[PDB]
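K.L.:
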Amino acid sequence: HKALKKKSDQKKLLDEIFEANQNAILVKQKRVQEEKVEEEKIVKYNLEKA
Amino acid sequence: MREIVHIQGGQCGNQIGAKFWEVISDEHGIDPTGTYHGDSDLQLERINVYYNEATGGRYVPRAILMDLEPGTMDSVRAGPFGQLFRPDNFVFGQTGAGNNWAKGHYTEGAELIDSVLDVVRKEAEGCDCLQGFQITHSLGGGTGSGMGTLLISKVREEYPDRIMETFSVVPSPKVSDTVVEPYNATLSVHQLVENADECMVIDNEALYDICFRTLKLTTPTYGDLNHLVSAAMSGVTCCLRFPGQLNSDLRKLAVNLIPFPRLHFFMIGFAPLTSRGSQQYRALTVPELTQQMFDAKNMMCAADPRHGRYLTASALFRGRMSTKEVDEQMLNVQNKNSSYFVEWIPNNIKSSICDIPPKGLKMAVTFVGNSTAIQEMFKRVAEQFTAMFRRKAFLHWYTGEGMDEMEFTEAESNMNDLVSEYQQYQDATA
Amino acid sequence: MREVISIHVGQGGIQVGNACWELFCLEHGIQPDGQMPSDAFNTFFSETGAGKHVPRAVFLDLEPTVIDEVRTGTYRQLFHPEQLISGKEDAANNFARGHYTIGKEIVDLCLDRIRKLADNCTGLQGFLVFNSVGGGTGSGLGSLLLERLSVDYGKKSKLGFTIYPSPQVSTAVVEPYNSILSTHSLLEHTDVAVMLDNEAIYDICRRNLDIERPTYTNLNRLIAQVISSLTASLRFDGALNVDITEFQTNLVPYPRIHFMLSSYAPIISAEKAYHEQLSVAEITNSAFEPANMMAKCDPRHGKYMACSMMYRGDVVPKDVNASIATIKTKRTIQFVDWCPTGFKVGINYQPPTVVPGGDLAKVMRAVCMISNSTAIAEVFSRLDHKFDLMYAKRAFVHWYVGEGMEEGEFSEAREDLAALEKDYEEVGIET
Amino acid sequence: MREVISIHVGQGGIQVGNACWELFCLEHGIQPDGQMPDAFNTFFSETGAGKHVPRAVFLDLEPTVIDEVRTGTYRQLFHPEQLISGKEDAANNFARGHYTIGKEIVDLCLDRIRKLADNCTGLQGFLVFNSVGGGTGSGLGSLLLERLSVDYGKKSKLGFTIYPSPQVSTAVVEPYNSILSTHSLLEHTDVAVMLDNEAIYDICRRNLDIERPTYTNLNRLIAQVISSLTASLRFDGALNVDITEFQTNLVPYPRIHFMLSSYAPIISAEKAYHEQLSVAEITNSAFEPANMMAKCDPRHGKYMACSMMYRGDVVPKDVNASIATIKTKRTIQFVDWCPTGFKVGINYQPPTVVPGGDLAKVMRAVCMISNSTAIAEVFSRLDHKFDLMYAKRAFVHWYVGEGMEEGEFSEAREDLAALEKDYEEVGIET
Ligand SMILES: Nc1nc2c(ncn2[C@@H]2O[C@H](COP(=O)(O)OP(=O)(O)OP(=O)(O)O)[C@@H](O)[C@H]2O)c(=O)[nH]1
Ligand SMILES: Nc1nc2c(ncn2[C@@H]2O[C@H](COP(=O)(O)OP(=O)(O)OP(=O)(O)O)[C@@H](O)[C@H]2O)c(=O)[nH]1
Ligand SMILES: Nc1nc2c(ncn2[C@@H]2O[C@H](COP(=O)(O)OP(=O)(O)O)[C@@H](O)[C@H]2O)c(=O)[nH]1
Ligand SMILES: [Mg+2]
Ligand SMILES: [Mg+2]
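Chains as they are written, first to last, in the deposited numbering: chain 1O, 248 to 297; chain TB, 1 to 430; chain UA, 1 to 38, 47 to 439; chain TA, 1 to 37, 47 to 439.
1. Can you tell me the Cα-Cα spacing of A110 (chain TB) and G10 (chain TB), whole angstroms?
2. Nearest CA to the CA of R105 (chain TA): which residue from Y319 (chain TA), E438 (chain TA), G148 (chain TA)?
3. Could you give the distance in angstroms between the alpha-carbon of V116 (chain TB) and the alpha-carbon of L259 (chain TA)?
4. Compare the C-alpha of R243 (chain TA) against each of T149 (chain TB), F294 (chain TB), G71 (chain TB), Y281 (chain TB) and name the closest.
5. Assuming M203 (chain TA) and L136 (chain TA) are in contact, meaning their beta carbons sit under 8 Å apart, how far apart are those beta carbons, in whole angstroms?
6. Listed from N- to C-terminal order along the chain, which residues in the region 280 to 292 of chain UA have their beta-carbon within a distance smaller than 9 Å of any beta-carbon of chain 1O?
7. Could you spell out the range, first to last residue, of the beta strand (DSSP E) harbouring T366 (chain TB)?
8. Determine the contact status of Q329 (chain TB) and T372 (chain TB), defining contact as a CB-CB distance below 9 Å.
9. For the region 127 to 150 of chain TA, enumerate the residues whose C-beta is nearer than 7 Å to any C-beta of chain UA, in chain order.
10. With a cut-off of 8 Å, do at least 3 Cβ pairs link the region 83 to 98 of chain TA to the region 395 to 415 of chain UA?
11. Could you please go through the chain and list the residues whose beta-carbon is closer than 5 Å to any non-hydrogen atom of ligand 3?
12. My understanding is that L230 (chain TA) touches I209 (chain TA), with C-beta atoms under 8 Å, so please give their C-beta distance in whole angstroms.
13. Please list the residues of the region 49 to 60 of chain TA that have a C-beta atom closer than 8 Å to any C-beta atom in chain 1O, keeping them in chain order.
14. For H190 (chain TB), which of helix, strand or coil comes out of DSSP?
15. Measuring alpha carbon to alpha carbon, tell me which residue in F267 (chain UA), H61 (chain UA), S419 (chain UA), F138 (chain UA) is nearest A201 (chain UA).
16. Return the CA-CA distance between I75 (chain UA) and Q15 (chain UA), expressed in angstroms with no decimal places.
17. Does the region 38 to 46 of chain TB touch the region 147 to 162 of chain TB, meaning 3 or more C-beta pairs lie closer than 8 Å?
18. Would you verify that the beta carbon of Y262 (chain TA) is, or is not, closer than 9 Å to some beta carbon of chain TB?
19. Quick one: what's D69 (chain UA) bridged to in DSSP?
20. Give a yes or no on contact between the region 420 to 432 of chain UA and the region 20 to 31 of chain TA, applying the rule of three or more CB pairs nearer than 8 Å.
21. What separation, rounded to the nearest whole angstrom, lies between the Cα atoms of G436 (chain UA) and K311 (chain UA)?
22. Counting only beta-carbon separations shorter than 9 Å, does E220 (chain UA) have a partner in chain 1O?
23. Shorter than 9 Å from the beta carbon of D367 (chain UA) to some beta carbon of chain 1O?
24. Which stretch, first to last residue, makes up the beta strand (DSSP E) that contains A315 (chain TB)?
25. Does the region 25 to 32 of chain TB come into contact with the region 217 to 224 of chain TB, if we say contact requires no fewer than three beta-carbon pairs (one atom in each stretch) closer than 8 Å?
26. Step through the CB atoms of chain TA and report whether any lies within less than 9 Å of the CB of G71 (chain TB).
27. Any beta carbon from chain TA within less than 9 Å of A283 (chain TB)'s own beta carbon?
28. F351 (chain UA) to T382 (chain UA), Cα distance in whole Å?
29. What's the gap between the Cα of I268 (chain TB) and the Cα of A315 (chain TB)?
30. Can you list, in chain order, the residues of its chain whose CB lies under 7 Å from that of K359 (chain TB), leaving out five sequence neighbours each side?
31. Would the C-beta of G111 (chain TA) count as close to ligand 5, meaning under 8 Å from any of its heavy atoms?
32. The beta strand (DSSP E) with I378 (chain TA) in it runs from where to where?
33. Between the region 291 to 311 of chain UA and the region 348 to 365 of chain UA, do at least 3 Cβ pairs fall closer than 8 Å?
34. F351 (chain TA) versus chain TB: which residues are under 8 Å apart at the beta carbon?
35. How many angstroms separate the CA atom of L368 (chain UA) from the CA atom of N293 (chain UA)?
36. Please list the partners that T219 (chain TB) has in chain TA, where partner means a Cβ-to-Cβ separation under 9 Å.
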């Protein structure tokens, strides 16, 4: 029973630690998008100034 | 009373003990759960020799399992009767020696053996009356050949009055599984000759030959080899844990078998071993079984016993018998092959009888023979050792872990000497 | 029955107080309107009798833009209408303007609000203050508030979360003067002072969070997370609780040395924390890593005096002790000779909360460390050098002389800085 | 509780690490995403949930292969900060990768290695994969070996180097960096396995019946060899062998640590099952002079040692019977100072088969690692090729302009000459 309890607690912790990785799969995609947005802003600045 | 405690180390020793205690458990009728379920009253009256008692009527092995790697013990614990062993006696390392005698005897083993020595001394002090110690090991593995003889030494200075027997598996040149076998066999024999009260040589190639030809079975296995070894081991002490016409302990055997203290390397044989097809053929009788015992082909070794003269012989007959034609057949055998018997020792055969036969068999013989044919394994091992050492092949581990070539030279000289005087008495005449 | 009062002065102070107040409201479950969607809130909030909760915070500024933005934002119904003190004229980065000219007419109303708020509390733990040091109005108002409070209340504890300028990155050109003046003012009047420079947090966001074009909101959210980790012990049950008064029992050997620097872990993007176990050993190694320090200083350049560190989550004391043993065994970190043990540990059960739309994710284990070490002399030395470079030619001195400040005020601050550096040097040597 | 860390540097190293990692995942049942739909601990580590993070590191200064790996189906399997990718390729220059641009990457590599090793508690050792005919690969491998030898010390490292073919070459300056890397690794690598491409091409042509082979087939065969080598640590067997149990049985002297591998059987499913694939015929095919992955003739020199691993349902008596026939064979002769040179390992797990591959599955497989004195020919031809261009100081300026000294080639030449002299001295009988 003790082994079962420890294994179950560990396994639930695992399903909880499937999680501050997927979050910045999303967030790192967002950061790459924001860097590309900064590049687009630079392009717009150059075009308008020219 | 007069009990003995088991110590096994290395993969080979562990797997030998695994079948040995399965055999002894079936012999005593003990279930794998440690609960007695025998039918004869005698099955319990001396069950204390190999078992300690725990509360609840349960019986626990008095065996200590030790190794520098935990894989073999973790595997055997899942096998049949593996739950019997006390987890406290299990001691294992985390690195391994890699079949290297230097690593197994100097660096890791010296530090590790403290806990197993603690458990050994505790178990020995717990025993009512200590009779002796028994070790099972293989000389072809460096780590085992190291710590086994190391523990032999440090049990020896502590208990100099007790008896000790080792079952040594030496690497034969026919079936070779490791190339550094000559080195570790050399280093193991050099220390074993100094402290071994008794040593019993076992050869896997001879096991292969006997399982091929005697049983005539198609696919031999390490399980069959272990069964044969276990039956032979149990026959050594059969009359010790069950009654016989002649009570003859291990120390009886020591008194009657070793003429001089350094000649304590013996050869074992068991009978009967019959094929399944010929099992219903054989006419189980004392004369046929004892002649089957003295054939050179029944041995579990490579040394042809007809190439030399037996210094002495010992037969442990097992079953309900009388002694008369037993004795007369002993006399006939000693008269008929008198050329193969060294002359300055008249009546050089001991006979002992145990009243209960082996489980599954009405009549059996266990033979131990001290002969002048054993020089051959030592000679071939020394030849291989010197051929591989003359060019300093693979000596770099042994040099890099604190040991030097002077110890190798001393060991080689020591066993060369040993062969010299062990052959010397073969040519001796009165 | 325990309370703490929070002070936010200056543009940066208000912007970080707002950030900490979204996080506190989310953690306590309080809606933006202040109502209950459906009693540990008593540390930060007060019950009006029926319904909404009034935060125990005060906002001060002489520039009304941020105050108007707060009063027109979604949190207009939360704060009390008459606790957001707003002036008319900004000090324009002048410390003398905010300390002698226009802050005096506002500090009276501020003390009125402070005493009105303190009369409600019965188990007041102390005061926290937030202010940007690189701003004249913030520095002057904070210094004046510390001066008045130290005589109004006396032994009550005050903790200042000062945001010192970066070693080379600067927004203004006259900030060293008011930074040194405010440091001189607060040296003898602040019990605890935490360094919160921006360049280190920029580097942290760039490396761990992988944030390449950051803004002030992320910095304020990280500061809010640090504050929540520090203050969670007072409002959440834990196996080993630590109070505010239990800080300079362990972190401040001598009254003069009360400046310390913080770090948090795991400060990492939410990309590689599910794919690792977040073991206590590796999180406390990341916290102790010099590159993960939240203040731009090198701990390898000086000895360690004390470290008070708090875990929140399902951490184990045995694992914490095992990690501390490894840290002590490590050779790259050395403590001072007269301190055999310098680690104070706290344990809390509540995991950190996550804000929607933020950068940090939800984790079951976190640690916040507050370290006082002898390596912080470098920032004081570089600030002194920068101040001296401009004070050699008496540059920009007229802008402070014309606001009522005497000429000799800078000399005493310089002497105090030199004495403080000498004190650090004397403490840092072994016996 | 045993672990091993794998290093993959260079384009060929990455391409062979990928191939070995599909095979390991398939054998352990790990999905491409990693999610399982405890023997894995040898190669993988519990990352908590689902997938298992491999104990591997990837290094390259050319980001194309790294981007391909990170955009392939295995993006979710590998950690991103262990796939270290640079910006500028060394352009086949050993000096560029050893003195100029690899030094700014080696610090991050050592940090990653330390982070990976801190998790492991029973670290067996390190394996390294690198193409010798590439400047960046050779330089980074040499630098990593030199740094690790002082960072960890006695930890074992095994290098699977892919030496250039005797006549088939892709570049024109590869002998220089090959000799330089060999000089660097001679005193830094415990075991070095030759894996030249021409022999594998011949094997694929003769056995796999493929007239248009590519690098993927070679990488799959290398992966199968690695799996056969490492299956003993993660699968139960009647006779287990560890990584540390190699150079007691394959390396007589510390300088001689270069050996070649052979595998059997290699056959397609269209005609694999028309024959029984008996142990005798597979071990004869393995010993055949046409079945090595190294383009060398064993009939031109003596044999020093051979350690061979069988996987399947092998019988030890069958192994001994095959070894006896091999010893009886006259076309294969061992050196005088080596009576027994065969080491045998046994594993129960049959090899796994990859869908869409070339090799068909086998219930019986054997993989041999042999060290012999005939390997001097490749060193001699590489020395001749190096001298041909070093006579006129061709292509020396490209290395001199990268911080490399002029005399660095002379000491490598002297070391190669001394190594050849050492082989010649070892190869003579007493
Ligand atoms: N970390 C951080 N620092 C800030 C922030 N806003 C302002 N600062 C700091 O504050 C300094 C300038 O003062 P401000 O906060 O802009 O304004 P102030 O403190 O009210 O002083 P005045 O400019 O005179 O009104 C800058 O050098 C910044 O370092 C912020 O949002 N985050
Ligand atoms: N067996 C095998 N060898 C390869 C493979 N790829 C490259 N090589 C060997 O590597 C040598 C050239 O180096 P590459 O692997 O192409 O690239 P590199 O090792 O990173 O060195 P650089 O070319 O400077 O980047 C060639 O001569 C090949 O012999 C492969 O997939 N299989
Ligand atoms: N009878 C028998 N012999 C074995 C078995 N396993 C190994 N051996 C023998 O033991 C030798 C190798 O011993 P080894 O495993 O290295 O011993 P260790 O180093 O102490 O673990 C081989 O030559 C085999 O002949 C077994 O299961 N049964
Ligand atoms: Mg302002
Ligand atoms: Mg390349």
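C-beta atoms are modelled at their ideal positions from N, C-alpha and C, and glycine is treated no differently.
P.N.:
Inspection of the coordinates gives the following:
1. Roughly 15 Å between the two C-alpha positions.
2. Of the listed residues, the one whose Cα sits closest to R105 (chain TA) is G148 (chain TA).
3. Their Cα atoms are separated by approximately 33 Å.
4. Cα-wise, what sits closest to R243 (chain TA) is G71 (chain TB).
5. That belief does not hold up - the Cβ atoms of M203 (chain TA) and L136 (chain TA) are roughly 15 Å apart, past 8 Å.
6. Those residues of the region 280 to 292 of chain UA that come within reach of chain 1O (Cβ to Cβ, closer than 9 Å) are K280, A281, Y282, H283, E284, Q285, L286.
7. Counting along the chain, the unbroken beta strand (DSSP E) around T366 (chain TB) starts and ends at 364 to 371.
8. Cβ distance not < 9 Å, so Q329 (chain TB) and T372 (chain TB) don't count as in contact.
9. Taking 7 Å as the Cβ-Cβ cut-off against chain UA, none of the residues of the region 127 to 150 of chain TA qualify.
10. Contact between the region 83 to 98 of chain TA and the region 395 to 415 of chain UA is absent, because fewer than three Cβ pairs lie under 8 Å.
11. With 5 Å as the limit between CB and the heavy atoms of ligand 3, the residues that fall short of it are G10 (chain TB), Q11 (chain TB), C12 (chain TB), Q15 (chain TB), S138 (chain TB), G140 (chain TB), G141 (chain TB), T143 (chain TB), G144 (chain TB), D177 (chain TB), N204 (chain TB), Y222 (chain TB), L225 (chain TB).
12. Right, the Cβ-Cβ distance comes to about 6 Å (below 8 Å), so this counts as a contact.
13. For the region 49 to 60 of chain TA, which is checked against every Cβ of chain 1O, the residues closer than 8 Å are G57, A58, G59.
14. The answer is helix: DSSP assigns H190 (chain TB) an H, G or I state.
15. The residue from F267 (chain UA), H61 (chain UA), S419 (chain UA), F138 (chain UA) with its alpha-carbon nearest to that of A201 (chain UA) is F267 (chain UA).
16. Straight-line Cα distance between these residues: approximately 10 Å.
17. Segment contact: the region 147 to 162 of chain TB against the region 38 to 46 of chain TB, fewer than three CB-CB distances shorter than 8 Å; contact not assigned.
18. At least one beta carbon of chain TB lies nearer than 9 Å to the beta carbon of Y262 (chain TA).
19. In the DSSP output, where bridge partners are listed per residue, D69 (chain UA) has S94 (chain UA).
20. By the Cβ test, the region 420 to 432 of chain UA is not in contact with the region 20 to 31 of chain TA, since fewer than three Cβ pairs between them sit closer than 8 Å.
21. Roughly 7 Å between the two C-alpha positions.
22. At least one CB of chain 1O lies nearer than 9 Å to the CB of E220 (chain UA).
23. Contact with chain 1O is found for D367 (chain UA), since one of that chain's Cβ atoms lies less than 9 Å from the residue's Cβ.
24. Run containing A315 (chain TB): 310 to 318, per the beta strand (DSSP E) assignment.
25. No, the region 25 to 32 of chain TB is not in contact with the region 217 to 224 of chain TB.
26. True, the Cβ-Cβ gap to chain TA drops below 9 Å.
27. No - not a single Cβ of chain TA is within 9 Å of the one on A283 (chain TB).
28. Each residue's CA atom was taken as its position, placing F351 (chain UA) and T382 (chain UA) some 16 Å apart.
29. So the alpha carbons of these two residues sit roughly 10 Å apart.
30. If we look at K359 (chain TB) and ignore the five residues flanking it on each side, its Cβ neighbours are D26, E27.
31. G111 (chain TA): no, Cβ never under 8 Å from ligand 5.
32. Bounds of the beta strand (DSSP E) holding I378 (chain TA) are 373 to 381.
33. Contact between the region 291 to 311 of chain UA and the region 348 to 365 of chain UA is absent, because fewer than three Cβ pairs lie under 8 Å.
34. Those are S176, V179, listed as they occur along chain TB.
35. Going by the C-alpha atoms only, they are around 19 Å apart.
36. Listed along the chain, the chain TA residues whose CB falls inside 9 Å of the CB of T219 (chain TB) are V324, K326.
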